[PDB]
Amino acid sequence: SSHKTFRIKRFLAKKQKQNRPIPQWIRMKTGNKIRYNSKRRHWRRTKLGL
Amino acid sequence: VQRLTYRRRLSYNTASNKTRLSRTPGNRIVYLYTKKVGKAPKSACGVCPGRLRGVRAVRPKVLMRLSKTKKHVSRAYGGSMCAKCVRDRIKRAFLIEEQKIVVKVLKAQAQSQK
Amino acid sequence: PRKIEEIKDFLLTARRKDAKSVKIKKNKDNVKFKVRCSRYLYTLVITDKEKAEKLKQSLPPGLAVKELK
Amino acid sequence: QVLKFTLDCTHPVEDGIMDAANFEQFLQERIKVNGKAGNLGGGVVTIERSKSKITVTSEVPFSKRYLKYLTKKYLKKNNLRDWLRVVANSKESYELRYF
Amino acid sequence: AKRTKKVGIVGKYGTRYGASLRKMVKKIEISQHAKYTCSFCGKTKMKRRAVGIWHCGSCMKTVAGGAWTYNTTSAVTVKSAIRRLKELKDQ
RNA sequence: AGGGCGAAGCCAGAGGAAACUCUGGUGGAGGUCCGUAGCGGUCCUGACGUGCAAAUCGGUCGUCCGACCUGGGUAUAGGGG
RNA sequence: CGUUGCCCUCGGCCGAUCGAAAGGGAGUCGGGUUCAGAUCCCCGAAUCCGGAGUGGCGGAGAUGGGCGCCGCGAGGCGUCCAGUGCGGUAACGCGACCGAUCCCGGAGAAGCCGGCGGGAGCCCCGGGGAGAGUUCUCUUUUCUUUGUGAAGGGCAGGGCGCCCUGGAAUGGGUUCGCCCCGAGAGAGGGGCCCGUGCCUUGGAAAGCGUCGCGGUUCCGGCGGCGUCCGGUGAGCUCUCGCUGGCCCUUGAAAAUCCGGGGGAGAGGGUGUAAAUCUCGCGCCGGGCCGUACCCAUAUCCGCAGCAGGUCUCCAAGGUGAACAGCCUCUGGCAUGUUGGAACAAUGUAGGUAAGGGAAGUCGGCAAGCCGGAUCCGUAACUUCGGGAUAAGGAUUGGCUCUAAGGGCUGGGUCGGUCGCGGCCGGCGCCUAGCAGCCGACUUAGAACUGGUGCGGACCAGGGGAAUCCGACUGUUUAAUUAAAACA
Ligand SMILES: [Mg+2]
Ligand SMILES: [Mg+2]
Ligand SMILES: [Mg+2]
Ligand SMILES: [Mg+2]
Ligand SMILES: [Mg+2]
Ligand SMILES: [Mg+2]
Ligand SMILES: [Mg+2]
Ligand SMILES: [Mg+2]
Ligand SMILES: [Mg+2]
Ligand SMILES: [Mg+2]
Ligand SMILES: [Mg+2]
Ligand SMILES: [Mg+2]
Ligand SMILES: [Mg+2]
Ligand SMILES: [Mg+2]
Ligand SMILES: [Mg+2]
Ligand SMILES: [Mg+2]
Ligand SMILES: [Mg+2]
Ligand SMILES: [Mg+2]
Ligand SMILES: [Mg+2]
Ligand SMILES: [Mg+2]
Ligand SMILES: [Mg+2]
Ligand SMILES: [Mg+2]
Ligand SMILES: [Zn+2]
């Protein structure tokens, strides 16, 4: 909005940190079932806890 | 023609968001935001509709800054009340007290008579 | 800022503790003398050139006298 | 008053691209005064010749950049507006130069 | 009757509202906009400010009067009675 | 937006014995008219009708100083508002 | 001298608290700078608020007057009082000018609409420059560009329901409109407020425009020149101001800030004090959170880059009544999720049609006619206001002329004397005014002219006679009913 509270800004920050894709060294771990992050949120489609 | 934008996030044209055009040394017309128009104080009499002389009509929280002389005038009831209403108050307050004395005298004569 | 009208007055303002740079703008036909202070930038317009050249010497202890060009 | 405008064409003439006498003649023809082309409006403006330098000397009010116009017109006629450029060297002056 | 024969003040209303109502309004509509005489200075400046309150512009004497007239008749008749009784009581 | 009509008040001139009346101005009233933005939504029973659209589009329309339009805040909650 | 404990002394409130990124609410602006941030970074100019004890400094308070001596005199001492500033007839003024609880007042703090005026921004016109484009012919060309922040100081320019003089009917003054006057008009002199306008400090050093160099480079390099003068206005936008109109409508509170009335107190004793709603300068501080971008025919909501929806600011030239439409510059785009080749039928959206003119159809549905302006001319009926652009007519182009509408400035000339200018005295006294110099724009009339075309596109009423319903304006079924329903 460009007029944020601090509460909201911090919320957004964490959401922004969560988006990154898996580190590829994770795929090489021993008992690995994970191939892709599957919790990736694109701003244009799917619109936050808000 | 150079059109222009507001300089603050207040979009709406309001009492708060009043402006004026100014040419800078950079040679670009720019909005400057303008200070509200202060009023001279009206009289303590309350009948004289005209506002007071010899007072800097300025937004009241400024008065703080101003010197005492700007804020008033050298008279009894100075910068609170218009002269006319003082010199009527004066002679009123005097003439009233002279009659109160006359009634006191007429009372005292009536006591001495009776 | 503040303009000054007496050569003495600018000399007194220049002699304060708070003062510093006393830059000198030869405009042609004018020769200003801008002396910064804490609050204000005092200037003094000295129309004569020889009188400005004389004053140049009269600033005191080793101030900046940062002549302007 | 005395309005004295030079119009020096030093190194187009030295390269031999134009002739200053013909340019003078063209200027004596054209330079209009009060909406009359020929005869310099009588003995009003005066055109001088000094090999390269032209000088125009008026008594009446006379624009400087009217000389720029007429040089530009003359340069077009001679097909020189391509590698010749009029510039104000200084005030009271123009100056033909290359690119 | 320069401009209108018989509407005057209530010509503003045009055709609307009916003849009787517009005739009925003309009486008030006149009186309420009338400038009366300030029985205080004597200038003709008593002008209704809002209902029941008339103000002299010169005198600066605001005066509680009628809704459409500086004086109602009722007020006037009440005034005189009170004055009569006042005199009857005190003697 | 811009136009139209031109209410009270005011001026002059003319008549009138008076009452007052005419003529020319000025003045700018109004849930006044035209008409833009705005708000709306008449008709074409037009377009569209697996649409651009789970109600849209085009022209044509109503209204456009007022029971006007409109943001934000605030109140009223289900046999209740 | 602080700090605290206790004792006395005084003290109404009014409801704790929450409630506005558009209400109220002190104080920041110019230039530069980034791949992306700037009133926030840098440079420079400011500014408010709080603190400032020991008070950092000046200045004000405040340094008179008397008497007595001594000294030629300037003056020196002794001793007595005065001194919480002064000016103006007044409006009110001057840099400061003690002061509590208490009280009164003001500011914050006010609707809409009209008209008129002043100030800017923009547009326009005439010229100066600098760079342009055009140049077959013409064009002293057409195009661009031509600057000064806040805060101070000065001065215009506005306004005054301020004062003093004085006394107005033959009544005057005066507005576009009004409106004012013995409760003081005109006339003269002043006082106050705003001064966003000029000038100036700021500030040319900075910016912009040009020509030019320095540097293979890096480089915010460095120089020249210039940044001028005038005129216009129912012009538009904003604004300040005055003055009306409307209301059975009368159009926010509070925080905060000041003024005044009071006079409880405090100050030192003749060089100083307490005091500065402190004057000028000096010192220190100002934490917390927001600050990217989109803001919409692709960043929002309608399942989507959806013809829908979604609150504002700025707002050039031409034509024109116009923020109408049509064309243009500034700025912006690539035709709205594709291309190519054809040009069949059906369509969707536009047009045109001989003769007739509603014969079509439930029904003139649809389209067509009409349309602007000026000049005439205008019925029935009527609630006398309307009806009314009733109806019905005529004109309209281009060109070349005419007439009619305004401002400014100027005579005190002759004689004398003093420095073209002044001062004095006498004539003159345009008192029917005349002379020179400027500048918008309209209106009417006339000639000529064209293949009768001319509101040439754009914009832009079809009328009439009657009946029914509802007086009217208003409202209504979001998404089949706008009505005669509701009001
Ligand atoms: Mg979305
Ligand atoms: Mg606000
Ligand atoms: Mg004062
Ligand atoms: Mg259909
Ligand atoms: Mg289909
Ligand atoms: Mg599509
Ligand atoms: Mg709160
Ligand atoms: Mg007077
Ligand atoms: Mg931003
Ligand atoms: Mg936009
Ligand atoms: Mg297309
Ligand atoms: Mg394409
Ligand atoms: Mg698209
Ligand atoms: Mg046909
Ligand atoms: Mg048939
Ligand atoms: Mg038939
Ligand atoms: Mg039809
Ligand atoms: Mg009819
Ligand atoms: Mg019947
Ligand atoms: Mg109805
Ligand atoms: Mg419906
Ligand atoms: Mg419908
Ligand atoms: Zn008073």
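Just so you know, the numbers here start at 1 and follow the chain as drawn.
If you're wondering, the header gives electron microscopy, 4.7 Å.
Backbone N, Cα and C atoms are what each Cβ position is placed from, and that goes for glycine too.
Take the CB of D:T46 (phosphothreonine) and look out to 10 A: across all protein chains shown you find 13 other CB atoms. In this structure, D:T46 (phosphothreonine) is part of a beta strand by DSSP. Under the heading phosphothreonine, Swiss-Prot lists D:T46.
Per Swiss-Prot, the feature phosphoserine maps to D:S50. For D:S50 (phosphoserine), no same-chain residue 6+ apart in sequence has a C-beta under 8 angstroms from its C-beta.
Residues or ranges marked as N6-succinyllysine in Swiss-Prot: D:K53. Following the DSSP three-state reduction, the secondary structure of D:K53 (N6-succinyllysine) is strand. In sequence order, D:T6, D:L7, D:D8, D:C9, D:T10 are the residues of the chain that are 6 or more apart from D:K53 (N6-succinyllysine) and have a CB within less than 8 Å of its CB.
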